[PDB]
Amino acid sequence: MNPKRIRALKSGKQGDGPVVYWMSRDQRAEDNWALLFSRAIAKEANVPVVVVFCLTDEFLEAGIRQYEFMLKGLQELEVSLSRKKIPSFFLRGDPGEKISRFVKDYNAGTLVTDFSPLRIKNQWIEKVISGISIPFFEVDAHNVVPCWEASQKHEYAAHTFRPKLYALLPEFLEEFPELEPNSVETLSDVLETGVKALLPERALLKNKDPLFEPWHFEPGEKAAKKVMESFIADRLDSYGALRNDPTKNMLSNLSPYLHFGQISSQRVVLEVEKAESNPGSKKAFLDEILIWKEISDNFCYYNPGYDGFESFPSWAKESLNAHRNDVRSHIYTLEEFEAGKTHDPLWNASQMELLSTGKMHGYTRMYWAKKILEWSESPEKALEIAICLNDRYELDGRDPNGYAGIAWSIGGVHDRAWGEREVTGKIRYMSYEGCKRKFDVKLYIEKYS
């Protein structure tokens, strides 16, 4: 149990009641440093550990697709935790008000939460800190190397972050100890009432049939493990060669599970390290799930304006500014982008993959966001549109990887300058013709009519 994974958010007077783990980002019972640390603190204090989860007022900003995925996962989690004699409490409302009251009502001794660098989590932490008198800790349960340890600053490139992270893997890549058992309404009801509130905004085909197909990704810890196991057995050997081909299903498909914390990336890395596969494919995959994922936490943690133009590198701000008044080839509205009504069939197909499955292939996500910049009035408007659509329709959205990936695509964050073009300046350009040279674009379009 490495103390560098835990940080104090508030010093206080420890009460004599249970240790409370305010679960938010890491919705799993296994392989969860925040839960393991909470259990250990409870044991030292001779008290039980309890889990509290807040169903917040912002769920109406996304869709049924994410709400059902998350809640079905929590139904399974409640059962798993209760098998370890760990009670779970699901609070409906504002974390500031609901967690503060719970701590007081239940005489909590200590409060622990998991780590997210997103602004909304910081908003909740501020409100909770001002309403409690007990000690408050946060644990990085999402990254292999704690975010505040991997680097002390924003890293401008994968190649500056990569040796810092790999230097620390020997310390922080380790097996998990087993979770020791201990010595306010039904989730089915919350899901029903929330779905009924979301129904008017469900994405529909003109037929009135819903667009979303829920059968592509089954939610929960158990299903996540099966996805990991099948990736290692069936897809890892080809990952290096085929990861950029959206006509093949050769990615891990782990991002929805990783986003909600239904599986630990440290677990995935342990299992991939011990698998014998193509060394090139293993290297490629580890670069994505270690370097690119954890540098996205680095980006959001050290850049308070991670969702704005101000966080782009200076070379990219200067270049995009120099091309602000260039005439754009096309300008689409939010609603035209949302419905896949551009002139570009590959763009529209990528949007239909997103609408129907909730998970756009990683290669076309790059293409998709870069064309929003090309066909938007300004870089700021492009950022707003890409974030809006990514977060509304991706199962893995509302995530540091989403803000960092959009910033990479539109603002060159973690990229370098390329040849200068009109409108997009020196931001890496991705052409339709260049995609045709790299995969069977007609097959991807035919699949997503």
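Whichever C-alpha set is largest while still superposing within 1.5 Å between the two forms counts as the rigid core. Position 1 is the first residue in the sequence shown; the rest follow in order.
- Per-stretch RMS Cα distance to the displayed form in 6 other deposited structures of this protein, following rigid core alignment, is highest for 188-196 when 165-173 and 188-196 are compared.
- Stretch 206-214 is the one, of 350-358 and 206-214, whose CA positions lie farther from the shown form in 6 other deposited structures of this protein once all structures are superposed by the rigid core.
- Going from residue 183 to residue 184, the model skips 10 or more deposited residues, which lack coordinates.
- Averaged over their C-alpha atoms, the temperature factors of 311-319 and 102-110 are higher for 102-110.
- Mean C-alpha B-factor is higher over 50-58 than over the other stretch, the pair under comparison being 50-58 and 401-409.
- Each of 358, 261, 220, 280 has a CA temperature factor in the record; the biggest one is found at 280.
- Annotation for 120, 269, 291, 132: 132 ranks highest, by Cα B-factor.
- Among all modelled residues in its chain, residue 146 ranks in the lowest third by Cα B-factor.
- When the CA B factors of the chain's modelled residues are split into thirds, the value for residue 94 lands in the highest one.
- Annotation for residue 415: C-alpha temperature factor in the middle third relative to the rest of the modelled chain, per the entry.
- The deposited CA B-factor of residue 25 belongs to the lowest third of values across its chain.
- When all modelled residues of the chain are sorted by CA temperature factor, residue 274 is found within the middle third.
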